[PDB]
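Structure first, commentary second.
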Amino acid sequence: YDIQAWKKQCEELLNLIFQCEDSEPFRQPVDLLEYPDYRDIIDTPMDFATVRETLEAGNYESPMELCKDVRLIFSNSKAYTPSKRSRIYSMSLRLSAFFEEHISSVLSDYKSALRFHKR
Ligand SMILES: O=C(Nc1ccc(F)cc1F)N1CCN(C(=O)c2ccco2)CC1
């Protein structure tokens, strides 16, 4: 029922994501010279370095907020891809599956801890 435990659990999961070769395209913001039309398609860029820095700054209140930003990385890739058979989109789908498999317990434990706190 530790309502702070999610933060280190998220740090550790980001560390695992950074070790995954599938995270390579998502570790830093998209560059607007290599993909010059990116901001015509994507309103809110997001990447894993920005997620880690937001966490480490103490600017997430909950793991749900972190989860929303990570899911934005993946929805941006799906929106920008020219094909469902894209290399970088295909990497995003594997990485999303990995993320979702690991974040589920972090969310459940946090929400349970908070329900206990407010019992
Ligand atoms: O090259 C990058 N990011 C990047 C990373 C580090 C850098 F230094 C410079 C970069 F531009 N892509 C990431 C995700 N990508 C897609 O989601 C997508 C789907 C189909 C085709 O691209 C858009 C472009």
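By order in the structure tokens, chains are A, B, ...; within a chain, residues start at 1; ligands start at 1, following the order shown.
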
- Excluding residue 96 in chain A and any residue of its chain fewer than 2 positions from it, enumerate the residues within 12 Å of it, using only C-alpha atoms, and give them as a PyMOL selection string. chain A and resi 17+20+22-23+26+67+70-75+77-78+89-94+98-103

Residues just named, written with N, CA, C and O atoms as a tab-separated table (two decimals), in the first residue's frame:
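Saved as selection_31.tsv:
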```
chain	number	residue	atom	x	y	z
A	17	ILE	N	13.14	-0.06	-20.99
A	17	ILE	CA	12.73	0.41	-22.32
A	17	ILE	C	13.96	0.96	-23.05
A	17	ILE	O	14.13	0.66	-24.22
A	20	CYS	N	15.98	-1.84	-24.60
A	20	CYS	CA	15.29	-2.48	-25.75
A	20	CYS	C	15.72	-1.80	-27.04
A	20	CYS	O	15.58	-0.57	-27.15
A	22	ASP	N	14.14	-1.83	-29.72
A	22	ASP	CA	12.90	-1.28	-30.29
A	22	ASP	C	12.64	0.16	-29.82
A	22	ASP	O	11.82	0.82	-30.45
A	23	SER	N	13.26	0.63	-28.74
A	23	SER	CA	13.00	2.02	-28.30
A	23	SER	C	13.81	3.07	-29.05
A	23	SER	O	13.56	4.24	-28.89
A	26	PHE	N	12.44	6.26	-30.51
A	26	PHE	CA	11.57	6.99	-29.59
A	26	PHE	C	12.33	7.55	-28.39
A	26	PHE	O	11.70	8.00	-27.46
A	67	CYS	N	1.78	7.11	-17.94
A	67	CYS	CA	1.21	6.13	-18.89
A	67	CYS	C	0.59	6.90	-20.08
A	67	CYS	O	0.77	6.47	-21.24
A	70	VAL	N	3.43	8.04	-22.32
A	70	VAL	CA	4.04	6.92	-23.08
A	70	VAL	C	3.09	6.48	-24.18
A	70	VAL	O	3.51	6.24	-25.31
A	71	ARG	N	1.78	6.42	-23.90
A	71	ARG	CA	0.82	6.00	-24.91
A	71	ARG	C	0.80	7.02	-26.06
A	71	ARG	O	0.57	6.62	-27.20
A	72	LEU	N	1.05	8.28	-25.78
A	72	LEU	CA	1.16	9.32	-26.82
A	72	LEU	C	2.34	9.05	-27.75
A	72	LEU	O	2.24	9.26	-28.96
A	73	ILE	N	3.45	8.55	-27.22
A	73	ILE	CA	4.59	8.16	-28.11
A	73	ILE	C	4.05	7.19	-29.14
A	73	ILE	O	4.34	7.29	-30.34
A	74	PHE	N	3.30	6.21	-28.68
A	74	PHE	CA	2.85	5.14	-29.59
A	74	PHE	C	1.76	5.66	-30.52
A	74	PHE	O	1.77	5.30	-31.71
A	75	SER	N	0.83	6.48	-30.02
A	75	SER	CA	-0.21	6.97	-30.94
A	75	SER	C	0.40	7.91	-31.97
A	75	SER	O	-0.04	7.93	-33.15
A	77	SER	N	3.36	7.57	-33.30
A	77	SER	CA	3.97	6.70	-34.33
A	77	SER	C	2.88	6.13	-35.25
A	77	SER	O	3.09	6.08	-36.47
A	78	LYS	N	1.78	5.69	-34.70
A	78	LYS	CA	0.68	5.15	-35.53
A	78	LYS	C	0.11	6.24	-36.44
A	78	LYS	O	-0.23	5.91	-37.63
A	89	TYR	N	7.08	1.90	-37.07
A	89	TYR	CA	5.75	1.58	-36.50
A	89	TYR	C	5.76	0.17	-35.92
A	89	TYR	O	5.25	-0.05	-34.85
A	90	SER	N	6.36	-0.79	-36.63
A	90	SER	CA	6.41	-2.20	-36.14
A	90	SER	C	7.17	-2.26	-34.81
A	90	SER	O	6.78	-3.04	-33.93
A	91	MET	N	8.24	-1.48	-34.68
A	91	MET	CA	9.02	-1.39	-33.43
A	91	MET	C	8.11	-0.82	-32.33
A	91	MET	O	8.11	-1.32	-31.19
A	92	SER	N	7.34	0.21	-32.66
A	92	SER	CA	6.42	0.83	-31.68
A	92	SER	C	5.42	-0.20	-31.16
A	92	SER	O	5.12	-0.17	-29.99
A	93	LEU	N	4.90	-1.08	-32.01
A	93	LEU	CA	3.89	-2.03	-31.53
A	93	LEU	C	4.49	-3.05	-30.58
A	93	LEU	O	3.87	-3.40	-29.58
A	94	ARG	N	5.70	-3.51	-30.86
A	94	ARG	CA	6.35	-4.44	-29.91
A	94	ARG	C	6.66	-3.74	-28.61
A	94	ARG	O	6.42	-4.28	-27.50
A	98	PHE	N	5.25	-4.56	-24.74
A	98	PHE	CA	6.18	-4.71	-23.60
A	98	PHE	C	5.83	-3.74	-22.46
A	98	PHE	O	5.73	-4.09	-21.27
A	99	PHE	N	5.62	-2.46	-22.85
A	99	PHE	CA	5.23	-1.43	-21.88
A	99	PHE	C	3.95	-1.80	-21.17
A	99	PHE	O	3.87	-1.73	-19.91
A	100	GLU	N	2.91	-2.14	-21.91
A	100	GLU	CA	1.58	-2.45	-21.33
A	100	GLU	C	1.69	-3.65	-20.40
A	100	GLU	O	1.07	-3.66	-19.35
A	101	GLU	N	2.50	-4.64	-20.77
A	101	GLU	CA	2.64	-5.87	-19.93
A	101	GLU	C	3.24	-5.49	-18.60
A	101	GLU	O	2.82	-6.03	-17.56
A	102	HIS	N	4.15	-4.52	-18.57
A	102	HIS	CA	4.86	-4.13	-17.33
A	102	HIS	C	4.13	-3.03	-16.54
A	102	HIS	O	4.20	-3.03	-15.28
A	103	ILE	N	3.44	-2.12	-17.21
A	103	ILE	CA	2.81	-0.99	-16.47
A	103	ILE	C	1.54	-1.42	-15.72
A	103	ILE	O	1.14	-0.76	-14.78
```

- Go through the chains and note each residue within 8 Å of ligand 1, using only C-alpha atoms and all ligand atoms, then give the set as a list in words. residues 24, 25, 26, 27, 28, 29, 30, 31, 32, 33, 34, 35, 38, 73, 74, 76, 77, 78, 79, 80, 81, 82, 83, 86, 87, 88, 89 and 92 of chain A

Please write the residues from the selection above to a file, keeping N, CA, C and O atoms, as a CSV table (one decimal), in the first residue's frame.
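The result, written out as part_7.csv:
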```csv
chain,number,residue,atom,x,y,z
A,24,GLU,N,14.8,2.6,-29.9
A,24,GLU,CA,15.8,3.5,-30.5
A,24,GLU,C,15.1,4.7,-31.1
A,24,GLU,O,15.5,5.8,-30.8
A,25,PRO,N,14.1,4.6,-32.0
A,25,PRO,CA,13.5,5.7,-32.7
A,25,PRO,C,12.7,6.7,-31.8
A,25,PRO,O,12.4,7.8,-32.2
A,26,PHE,N,12.4,6.3,-30.5
A,26,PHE,CA,11.6,7.0,-29.6
A,26,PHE,C,12.3,7.5,-28.4
A,26,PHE,O,11.7,8.0,-27.5
A,27,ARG,N,13.7,7.5,-28.4
A,27,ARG,CA,14.4,7.8,-27.1
A,27,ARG,C,14.6,9.3,-27.0
A,27,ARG,O,14.8,9.8,-25.9
A,28,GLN,N,14.5,10.0,-28.2
A,28,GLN,CA,14.7,11.5,-28.2
A,28,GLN,C,13.6,12.1,-29.1
A,28,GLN,O,13.0,11.3,-29.9
A,29,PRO,N,13.2,13.4,-29.0
A,29,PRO,CA,12.2,14.0,-29.9
A,29,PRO,C,12.5,13.7,-31.3
A,29,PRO,O,13.7,13.7,-31.7
A,30,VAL,N,11.5,13.6,-32.2
A,30,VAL,CA,11.6,13.6,-33.6
A,30,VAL,C,12.3,14.9,-34.0
A,30,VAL,O,12.0,15.9,-33.4
A,31,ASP,N,13.2,14.8,-35.0
A,31,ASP,CA,13.9,16.0,-35.6
A,31,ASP,C,13.2,16.5,-36.8
A,31,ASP,O,12.8,15.6,-37.7
A,32,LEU,N,12.9,17.8,-36.9
A,32,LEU,CA,12.1,18.4,-37.9
A,32,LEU,C,12.9,18.8,-39.2
A,32,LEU,O,12.5,19.7,-39.9
A,33,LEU,N,14.1,18.1,-39.4
A,33,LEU,CA,14.9,18.2,-40.6
A,33,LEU,C,14.8,16.9,-41.4
A,33,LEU,O,14.7,16.9,-42.6
A,34,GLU,N,14.8,15.8,-40.6
A,34,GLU,CA,14.7,14.4,-41.2
A,34,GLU,C,13.3,14.1,-41.6
A,34,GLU,O,13.0,13.5,-42.6
A,35,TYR,N,12.3,14.6,-40.7
A,35,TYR,CA,10.9,14.4,-41.0
A,35,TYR,C,10.2,15.8,-41.0
A,35,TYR,O,9.5,16.2,-40.1
A,38,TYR,N,6.5,16.6,-39.9
A,38,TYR,CA,6.1,15.9,-38.7
A,38,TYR,C,5.0,16.7,-37.9
A,38,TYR,O,4.0,16.1,-37.5
A,73,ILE,N,3.5,8.5,-27.2
A,73,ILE,CA,4.6,8.2,-28.1
A,73,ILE,C,4.0,7.2,-29.1
A,73,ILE,O,4.3,7.3,-30.3
A,74,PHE,N,3.3,6.2,-28.7
A,74,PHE,CA,2.9,5.1,-29.6
A,74,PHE,C,1.8,5.7,-30.5
A,74,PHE,O,1.8,5.3,-31.7
A,76,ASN,N,1.4,8.7,-31.6
A,76,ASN,CA,2.1,9.5,-32.6
A,76,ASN,C,2.7,8.7,-33.7
A,76,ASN,O,2.6,9.0,-34.9
A,77,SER,N,3.4,7.6,-33.3
A,77,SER,CA,4.0,6.7,-34.3
A,77,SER,C,2.9,6.1,-35.2
A,77,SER,O,3.1,6.1,-36.5
A,78,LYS,N,1.8,5.7,-34.7
A,78,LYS,CA,0.7,5.2,-35.5
A,78,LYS,C,0.1,6.2,-36.4
A,78,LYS,O,-0.2,5.9,-37.6
A,79,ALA,N,0.0,7.5,-36.0
A,79,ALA,CA,-0.5,8.6,-36.8
A,79,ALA,C,0.5,8.9,-37.9
A,79,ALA,O,0.0,9.3,-39.0
A,80,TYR,N,1.8,8.9,-37.6
A,80,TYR,CA,2.8,9.4,-38.6
A,80,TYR,C,3.1,8.3,-39.6
A,80,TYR,O,3.6,8.7,-40.7
A,81,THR,N,2.9,7.1,-39.3
A,81,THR,CA,3.4,6.0,-40.2
A,81,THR,C,2.7,6.1,-41.5
A,81,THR,O,1.4,6.2,-41.6
A,82,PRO,N,3.4,5.9,-42.6
A,82,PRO,CA,2.8,5.9,-44.0
A,82,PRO,C,2.2,4.5,-44.2
A,82,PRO,O,1.4,4.3,-45.2
A,83,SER,N,2.5,3.5,-43.4
A,83,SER,CA,2.1,2.1,-43.6
A,83,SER,C,2.1,1.3,-42.3
A,83,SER,O,2.9,1.6,-41.4
A,86,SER,N,5.4,-0.5,-41.7
A,86,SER,CA,6.6,0.4,-41.4
A,86,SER,C,7.6,-0.3,-40.5
A,86,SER,O,7.1,-1.0,-39.5
A,87,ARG,N,8.9,-0.1,-40.6
A,87,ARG,CA,9.8,-0.6,-39.6
A,87,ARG,C,9.6,0.1,-38.3
A,87,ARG,O,9.5,-0.6,-37.3
A,88,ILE,N,9.6,1.4,-38.3
A,88,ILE,CA,9.5,2.2,-37.0
A,88,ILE,C,8.2,2.0,-36.3
A,88,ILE,O,8.1,1.8,-35.1
A,89,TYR,N,7.1,1.9,-37.1
A,89,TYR,CA,5.8,1.6,-36.5
A,89,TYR,C,5.8,0.2,-35.9
A,89,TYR,O,5.2,-0.1,-34.8
A,92,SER,N,7.3,0.2,-32.7
A,92,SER,CA,6.4,0.8,-31.7
A,92,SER,C,5.4,-0.2,-31.2
A,92,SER,O,5.1,-0.2,-30.0
```
